[PDB]
Amino acid sequence: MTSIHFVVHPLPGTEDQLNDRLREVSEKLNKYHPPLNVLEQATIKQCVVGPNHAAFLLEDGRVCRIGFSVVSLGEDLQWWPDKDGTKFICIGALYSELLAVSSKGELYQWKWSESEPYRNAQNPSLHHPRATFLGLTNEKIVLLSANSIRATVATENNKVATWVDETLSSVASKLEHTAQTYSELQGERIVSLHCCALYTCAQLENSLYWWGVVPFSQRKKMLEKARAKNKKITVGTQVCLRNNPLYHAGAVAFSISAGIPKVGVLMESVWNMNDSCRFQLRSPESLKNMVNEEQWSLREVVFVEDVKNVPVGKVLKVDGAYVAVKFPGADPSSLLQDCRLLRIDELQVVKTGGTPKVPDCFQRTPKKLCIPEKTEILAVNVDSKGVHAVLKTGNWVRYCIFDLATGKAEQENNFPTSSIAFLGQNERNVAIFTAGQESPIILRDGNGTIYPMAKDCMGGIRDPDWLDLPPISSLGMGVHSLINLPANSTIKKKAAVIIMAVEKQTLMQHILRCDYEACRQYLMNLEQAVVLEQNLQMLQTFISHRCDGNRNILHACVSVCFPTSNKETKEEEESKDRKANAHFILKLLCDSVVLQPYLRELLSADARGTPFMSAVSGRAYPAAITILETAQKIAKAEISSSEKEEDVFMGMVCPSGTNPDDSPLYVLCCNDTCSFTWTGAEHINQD
């Protein structure tokens, strides 16, 4: 019954703007595609988005795809054809293909442009052109992590296999891996696998490690010693000039502009490590055969070959301060044109294999990823600047981000809300979703709801502003560029496209929009439902469901009773309607015959510290009185459990662990009006 929703975040952007992109989706449900109607009736195990499409996975094992643009989508639901009894268990997203995984551990390919996924006559069992390349044919995989240009699969043999998209196959066997059992993961079993456009992270029971390119600062610091070492002689000596550019014209490289991978070569020498150059961008037809100029920032650009063949020449004649060195390209005229005469002080002796080498950032065996202590790992994801995670030590949850080039949590944050509310009903529901390409991060909750995130002036998690959304089933997202974008405009180059599934809650939503008629009409039907059958399921899921911020049915019925306008409250001596049904629903809920027995555990709870306490703190005083009256009534008849009168009643007014500043009496006196409401813009003498 999950409703699928779309949202677009124009990158580059801030954490704030995402919330406004997650607010109108809540507004739309509180206000009021045809091809996707049949998709809602079945649960979606996983959802991914490619360059111009979006893939879906169903509970039984079927896979489907859809195309969209910027969102407007066509009406074509091309199911994956499975004539044989083939069921799928995992799905990945690639810029070129919709690679899939069947019930058995062999992986398929459904390249976006092509209609039929994969047919091979000579090898009918083969469904991936590299399936025999990584040697996964005789084993089975249970993990899969696919990103814009990357993919990694792992077998029960603790064997991990990596490869890139076919648009980057020109420099395969450097990024990619043939697939063998490491000495990293041999100790603990693999529990999950994550990948991004630059590197892949594997999480173990008490360990995390990664392998791949490590650009940026770690890549940056390679040259301070390397340039110093290079800058710091007889006939027949292999000597080279002490000065040496970082990259000569001819190094191959690749980069991502707006989600479009482009492999390039440079036609000039890299002198400074912060300049930008116009690279050579080759047509895709000639990419696999193994000049335009578009400016490329050297920071993002990664050079994907190793220059171990730096020109070193053999000395043929030493004449005073000058040395005749013939670097790679007896008549004196022919020799002089090729052989170069250089000063002895500018030349340093070179051994065999001692020539300078480009960054060895292509990591195969990692270190510097340490969990603080024996702490359980909730969820882990990978972004453009680190590996996000949410850890836990007893009753202390946190949001630490490991900088892969450092070995320690770069910064530490504590959730402003109570950690016990983050755990929720099911602990494992917590998840962190990142697209990867400097994209924003959204993290889920214990109840499956979205926990809004933003920073404050001191650098910490700002106190959340609840978006009022139901729990989310699937939260796949990805980045795709703006096609047909005129170069003369200021509109952004790329955007992040996020999928959603709000999973629907009948009465939870019927109170969020203060519609009295639906709320009551639901109740006797429930009242007639709980009778004439003596047992069913919807009775006990009444308490189970939870809105944003660990708020139950009673909390939401209070969140709509908050005063909003000072009008009629001046007392100098349809918002107005919407508040009226808010009290009407609240009165109905308390006196309902069927729910009655469950108000004992309903009037005790959210993410900060009880429905009655939220009323006095939210300035809903008539709502607090009605809740207080019901609390007395419930406690009076409770005595049958052989417990005192005061403890049952006190659980619905001020629980034992409530902090001193959250008392209903103290909060009642604290609530006032700010000085601005009687002063104005002028200055007065006040504390």
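Counting starts with 1 at the first residue shown.
Cβ coordinates are placed from backbone N, Cα and C, and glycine is handled just like the others.
Pulled from Swiss-Prot:
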type    : residues : note
MOD_RES : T2       : N-acetylthreonine
MOD_RES : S283     : phosphoserine
MOD_RES : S439     : phosphoserine
MOD_RES : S559     : phosphoserine
MOD_RES : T610     : phosphothreonine
MOD_RES : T630     : phosphothreonine
Please list residues from the chain of the residue listed as 'N-acetylthreonine' whose Cβ is under 8 angstroms from its Cβ, counting only those at least six apart in sequence.
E40, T43, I44, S473, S474, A501, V502, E503, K504
Would you mind checking how many other C-beta atoms are within 10 angstroms of the C-beta on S283 (phosphoserine)?
8
On a C-alpha basis, identify the one among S283, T610, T630 that is nearest to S439 (phosphoserine); the candidates are the modified residues.
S283
Closest of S559, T610, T630 to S283 (phosphoserine), Cα positions, modified residues only:
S559
Between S559 (phosphoserine) and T610 (phosphothreonine), what is the CA-CA distance rounded to a whole number of Å?
12
Do me a favour and check the Cα-Cα span between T610 (phosphothreonine) and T630 (phosphothreonine); whole Å is fine.
13
Just counting, how many other CB atoms are there within 10 A of the CB of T610 (phosphothreonine)?
25
Counting across all protein chains present, how many other Cβ atoms fall within 10 Å of the Cβ of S559 (phosphoserine)?
23
Counting only residues 6+ apart in the same chain, whose Cβ is under 8 Å from the Cβ of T630 (phosphothreonine)?
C590, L599, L603
If you run the three-state DSSP split on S559 (phosphoserine), which class comes out?
helix
